[PDB]
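Trainee: Have a look at this one before I ask anything.
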Amino acid sequence: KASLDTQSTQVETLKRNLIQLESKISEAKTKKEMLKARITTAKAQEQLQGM
Amino acid sequence: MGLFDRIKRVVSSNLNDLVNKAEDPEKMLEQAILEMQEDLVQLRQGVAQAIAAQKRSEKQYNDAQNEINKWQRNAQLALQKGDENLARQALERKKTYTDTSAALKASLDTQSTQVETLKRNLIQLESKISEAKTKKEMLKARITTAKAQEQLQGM
Numbered sequence: 105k106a107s108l109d110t111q112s113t114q115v116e117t118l119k120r121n122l123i124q125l126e127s128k129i130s131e132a133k134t135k136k137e138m139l140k141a142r143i144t145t146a147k148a149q150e151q152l153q154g155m
Numbered sequence: 001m002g003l004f005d006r007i008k009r010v011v012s013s014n015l016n017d018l019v020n021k022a023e024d025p026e027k028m029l030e031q032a033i034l035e036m037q038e039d040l041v042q043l044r045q046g047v048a049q050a051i052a053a054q055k056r057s058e059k060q061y062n063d064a065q066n067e068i069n070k071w072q073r074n075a076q077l078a079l080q081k082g083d084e085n086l087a088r089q090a091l092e093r094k095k096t097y098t099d100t101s102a103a104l105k106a107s108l109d110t111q112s113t114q115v116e117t118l119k120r121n122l123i124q125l126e127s128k129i130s131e132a133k134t135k136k137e138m139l140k141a142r143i144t145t146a147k148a149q150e151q152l153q154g155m
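Listed below in structure tokens is the structure:
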């Protein structure tokens, strides 16, 4: 029972860690999205040259 | 000295030759436009991905809220039980979860603001391509006038 309780506590922590990890990837994606927005501005400058 | 001097003469000739080969109004605009179109599609996909990512975060946030509610019920049960340790553990669990939920909500709000900006940017980008098309249309009209002059020669 003691081992099970410890195991139960451990799995819950892992699940919480997994959720945190999942949150971290979303944050990275958000950072990537900001970078993508910057790329569009560079593309716009190129478009002006074409005109 | 002349080696450096030789490069300058060569560079001017090389630069002039290179620009002339690629100096096509339609080709230059098209290449940039194609890249822009691809970028726009990628941006739209990214926005869709961001929305999907945001939805996943919301689901996680919803689960956390449900967990807090479950914890609250347990805390109430602990008080009825009269065990101090059980009640204390529940309170600690509620506080960390609440902080996490608040952080998630703040992140979600920021994400929501960011996706909206991207959507607005995409709309602006879409407007920009239309403007380019309008410019191209004006150029096309000019071409017809040139064709008319050629037609007169044929007569």
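Listed in order, the protein sequences are those of chains F and AC. Under the authors' numbering, the first residue of the first sequence is numbered 105, with each subsequent residue one higher. Under the authors' numbering, the first residue of the second sequence is numbered 1, with each subsequent residue one higher. Heads up, the beta-carbon is just placed ideally off N, CA and C, and yes, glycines get one too.
Could you name the residues of chain AC that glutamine 151 of chain F contacts, counting a contact when the two beta carbons are closer than 9 Å?
Mentor: Mapped onto the first sequence, residue 151 of chain F falls at position 47. Chain AC residues near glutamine 151 of chain F: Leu29, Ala32, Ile33, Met36, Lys128, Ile129, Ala132.
Trainee: For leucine 118 of chain AC, return the contacting residues in chain F, with the cut-off set at a CB-CB distance below 7 Å.
Mentor: Reading the second sequence from its first residue, position 118 is the one you call residue 118 of chain AC. Under the 7 Å cutoff, chain F gives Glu137, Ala141.
Trainee: So with CB distances below 7 Å, who are the chain F contacts of residue 230 of chain AC?
Mentor: Nothing can be reported for residue 230 of chain AC, as the shown portion of chain AC is limited to 1 through 155.
Trainee: Flag this pair as yes or no: are the beta carbons of residue 156 of chain AC and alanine 87 of chain AC separated by less than 8 Å?
Mentor: Summary: the structure shown does not reach residue 156 of chain AC, with chain AC confined to residues 1 through 155, and so no result is reported for it.
Trainee: Hey, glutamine 114 of chain AC and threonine 144 of chain F: beta-carbon distance below 8 Å or not?
Mentor: Start at 1 with the first residue of the second sequence, and residue 114 of chain AC comes out as number 114. Start at 1 with the first residue of the first sequence, and residue 144 of chain F comes out as number 40. Not in contact: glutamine 114 of chain AC and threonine 144 of chain F (Cβ atoms no closer than 8 Å).
Trainee: If you measure from the beta carbon of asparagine 66 of chain AC to each beta carbon in chain F, is any gap under 8 Å?
Mentor: What you label residue 66 of chain AC is simply residue 66 of the second sequence in a count that begins at 1. Chain F, which has no Cβ nearer than 8 Å to the Cβ of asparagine 66 of chain AC, makes this no.
Trainee: With DSSP collapsed to three states, give me the class of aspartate 24 of chain AC.
Mentor: As a position in the second sequence, residue 24 of chain AC is number 24, starting the count at 1. Coil at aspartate 24 of chain AC, not helix or strand.
Trainee: When the Cα of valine 41 of chain AC is compared with those of AC:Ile123, AC:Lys55, AC:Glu137, which residue comes out closest?
Mentor: Counted from its first residue, the second sequence places residue 41 of chain AC at position 41. Answer by Cα proximity: AC:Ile123.
Trainee: Whole angstroms are fine: how far does the CA of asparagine 14 of chain AC sit from the CA of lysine 21 of chain AC?
Mentor: As a working note, residue 21 of chain AC is residue 21 in the second sequence. As a working note, residue 14 of chain AC is residue 14 in the second sequence. Approximately 11 Å between the Cα atoms of the pair.
Trainee: Whole angstroms is fine: what's the gap from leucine 91 of chain AC's alpha carbon to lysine 105 of chain AC's?
Mentor: As a position in the second sequence, residue 91 of chain AC is number 91, starting the count at 1. As a position in the second sequence, residue 105 of chain AC is number 105, starting the count at 1. Approximately 21 Å between the Cα atoms of the pair.
Trainee: Under three-state DSSP, which class holds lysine 81 of chain AC?
Mentor: Locating residue 81 of chain AC in the second sequence gives position 81, where the first residue counts as 1. If DSSP states are grouped into helix, strand and coil, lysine 81 of chain AC belongs with the helices.
Trainee: With C-beta atoms as the reference, is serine 101 of chain AC less than 8 Å away from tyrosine 61 of chain AC?
Mentor: Counting from one through the second sequence, the residue named residue 101 of chain AC turns up at place 101. Counting from one through the second sequence, the residue named residue 61 of chain AC turns up at place 61. In contact: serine 101 of chain AC and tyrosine 61 of chain AC (Cβ atoms closer than 8 Å).
Trainee: Along chain F, in chain order, which residues have C-beta atoms closer than 7 Å to that of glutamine 60 of chain AC?
Mentor: Working through the second sequence from its first residue, we reach residue 60 of chain AC at position 60. By Cβ distance, chain F contributes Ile123, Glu126.
Trainee: Check whether the Cβ atoms of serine 130 of chain F and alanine 53 of chain AC sit closer than 8 Å, and answer yes or no.
Mentor: By 1-based counting over the first sequence, the position of residue 130 of chain F is 26. By 1-based counting over the second sequence, the position of residue 53 of chain AC is 53. In this structure, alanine 53 of chain AC lies closer than 8 Å to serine 130 of chain F by Cβ.
Trainee: So the candidates are AC:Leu29, AC:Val10, AC:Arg44, AC:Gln49; which of them puts its Cα closest to the Cα of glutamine 149 of chain F?
Mentor: In the first sequence, the residue the question calls residue 149 of chain F occupies position 45. Here the closest residue by C-alpha is AC:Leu29.
Trainee: What does the alpha-carbon distance come out to for the pair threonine 98 of chain AC and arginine 120 of chain F?
Mentor: Taking the first residue of the second sequence as position 1, residue 98 of chain AC is located at position 98. Taking the first residue of the first sequence as position 1, residue 120 of chain F is located at position 16. In a straight line, the C-alpha of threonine 98 of chain AC is about 13 Å away from that of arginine 120 of chain F.
Trainee: What residues of chain F sit near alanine 50 of chain AC, judged by a beta carbon separation below 8 Å?
Mentor: Sequence index remark: in the second sequence, residue 50 of chain AC carries index 50 (1-based). Here the neighbours are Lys133, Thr134, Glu137.
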